[PDB]
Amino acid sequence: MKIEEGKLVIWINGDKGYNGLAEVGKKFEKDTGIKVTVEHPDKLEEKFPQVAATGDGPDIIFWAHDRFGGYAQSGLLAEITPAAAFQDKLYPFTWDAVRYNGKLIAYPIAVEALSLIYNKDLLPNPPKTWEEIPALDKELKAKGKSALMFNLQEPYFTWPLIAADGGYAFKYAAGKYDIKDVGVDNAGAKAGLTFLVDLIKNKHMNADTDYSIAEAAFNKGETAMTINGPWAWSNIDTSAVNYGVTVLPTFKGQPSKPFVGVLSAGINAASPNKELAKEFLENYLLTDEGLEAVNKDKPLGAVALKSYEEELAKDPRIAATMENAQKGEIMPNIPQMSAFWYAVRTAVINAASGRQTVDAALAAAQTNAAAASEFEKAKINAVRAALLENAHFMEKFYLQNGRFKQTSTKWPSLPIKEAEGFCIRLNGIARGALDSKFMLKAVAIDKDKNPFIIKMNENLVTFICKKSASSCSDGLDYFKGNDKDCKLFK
């Protein structure tokens, strides 16, 4: 159950250079005696918050930075505090990708963007526009080939087209990503997904194509182009394909806008090996030799470490990666990114299969992306459970005393005064309060992490309110005052 002291367990995705990373772990063990176990479990980014919530999981978790705000909201990550001399060794924008509510919550490793990858023997002059792909596919179909195959099961790969003409995830305004301003169903997003769906309708792509299908077709010379990231180049090198890496096609005259990911390494808040983890990441991995060992296994892309990036930048494939990154933008790291991705995944699959029109698929995704996160819903349920336990006490107290108040100016002391990061009190001053009614109110101790209050009456009718000035630190035994932006709990 508990993480073992005196060892490092690392999780990293199966498309990355995990054998190269294990070589870094071997060097760490030679120098320190500390064994390093690198694992690449399936769905590691979903497993981590499940097991880390209980104090389990790896010491170190690797993923793109977009997952990390959610992990931090759940209290799963240790704060990262590099010395200034170390911080200056990495590009500032990579630290900003892993900065959440003022704190660094991971070490940045590498900067990833998708590029267009093309077979130079089939296609010495690849297209500059998406619009010319249908004609090109027709020519290649006459030769027993196809123009383009890429993973249609993951929204990461289709997003650059959706974003090109105006799609966006969350608008950045007034100094934050605004989770109420989602750009998934505007005209530009609809234009881009419509074009992808048109390609499928016209048999230029097949809706069922996934990562392995598209990789095999490209690496076997059956399709002229694919869309993928630097991690994919290793398997192409093994193949007989002479490939180039270039800027993504434009759509309606505008660049495709890939979402740029920073592969990042966080430290589990429950790890008893935090100082060893920091030494591994700072002094072994984030060095020219450490990144090289990973890069030799599967290319990292551009790296966050300035010294090594100066070498990698001379590789034309890295120059092309950077060109596409410059036309995209950094993913937000905020907790809501999970809801955004799951929503767009379903939309693309549904529109591409014909199960829904583009308009209906994206209208649903727009709603789902802005809807209450899984964290918020779980928190509300868990806080409500604590309210129910206190309500049970209130009814026990009532039977014992004939009223809900202890005295005319004092409420009885509750059995569950804190739960799930909320303080819980009776709501309303006791003076003049009626004898056969009560209200319980739960307020967050950390109101940036849990920006809502929950209140419940004696018959368990519950409201969630997003605006309240109440504070758990005000030194009082009750709450008073009105809440705003309230909605019935169902």
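Residue indices: 1-based, along the sequence shown.
Here the stretch with the larger average CA B-factor, out of 364 to 372 and 317 to 325, is 364 to 372. When the two stretches 68 to 76 and 122 to 130 are set side by side, the higher mean Cα temperature factor goes to 122 to 130.
By the numbers in the PDB entry, the CA B factor is greatest at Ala469 among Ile12, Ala469, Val24, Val9. Highest CA B-factor among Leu291, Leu114, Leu152, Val383, as stated in the entry: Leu152. In this PDB entry, the Cα temperature factor of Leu488 sits in the bottom third of its chain's modelled residues, the lowest group.
In the deposited entry, the Cα temperature factor of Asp185 places it in the highest third of its chain's modelled residues. Ranked by C-alpha B-factor against the other modelled residues of its chain, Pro258 falls in the middle third. Sort the chain's modelled residues by C-alpha temperature factor and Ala52 lands in the highest third, per the entry. In the PDB entry, a CA B factor belonging to the highest third of its chain's modelled residues is recorded for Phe251.
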